[PDB]
Amino acid sequence: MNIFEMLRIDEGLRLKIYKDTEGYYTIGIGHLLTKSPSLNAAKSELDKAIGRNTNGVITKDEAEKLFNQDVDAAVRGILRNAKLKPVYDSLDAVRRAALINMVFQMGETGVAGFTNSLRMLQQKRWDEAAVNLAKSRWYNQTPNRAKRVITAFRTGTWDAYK
Ligand SMILES: [Cl-]
Ligand SMILES: [Cl-]
């Protein structure tokens, strides 16, 4: 298992513009287009991202390309963040993937806000961090996904995804 396969499972793949769990226009593999309520604004961002007049529909290759860029950006966001970097550096491979997943989902800013959880991860207090990670809107809004990511932090294995 790896970061790509993990996120492909959590986000799924959709070739036409759709609304995410929060109701925002998205496409492909969890690629947020805009938070704006307008479909046109969404279509405009899509075309700008792909480089062609899409009409709200992309190909698989196009979805994957956005996905590669998005994963790359998540990692780079973590490494550039003063709060996140040190955590990330302290973790093993599986747990690093869990942190990337969260950043992909909520943004660096969002994750950087889990101050207490981050400290616990850094200290390697797995069970404690898992409980703390669960006391959040994130867990309450997308519990199944949250549960899978939390298990990875807790156990250091991909069991939840197998
Ligand atoms: Cl983009
Ligand atoms: Cl969920």
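Quick reminder: no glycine exception, Cβ is built from N, Cα and C everywhere.
According to Swiss-Prot, the protein has these features:
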type: ACT_SITE; residues: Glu11; note: active site, proton donor/acceptor
type: ACT_SITE; residues: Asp20; note: active site, proton donor/acceptor
type: BINDING; residues: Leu32, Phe104, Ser117, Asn132; note: substrate binding site
Ranked by how many other Cβ atoms lie within 10 Å of their Cβ, the binding-site residues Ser117, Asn132 are led by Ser117
Local Cβ density at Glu11 (active site, proton donor/acceptor) - other Cβ atoms counted within 10 Å:
20
List of residues, in chain order, with Cβ under 8 A from that of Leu32 (substrate binding site) and at least 6 apart:
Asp20, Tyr24, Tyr25, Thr26
Whole-number Å distance separating the Cα atoms of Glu11 (active site, proton donor/acceptor) and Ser117 (substrate binding site) is 23
Should one count Cβ atoms within 10 Å of each candidate's Cβ, the recorded positions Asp20, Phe104 would be headed by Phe104
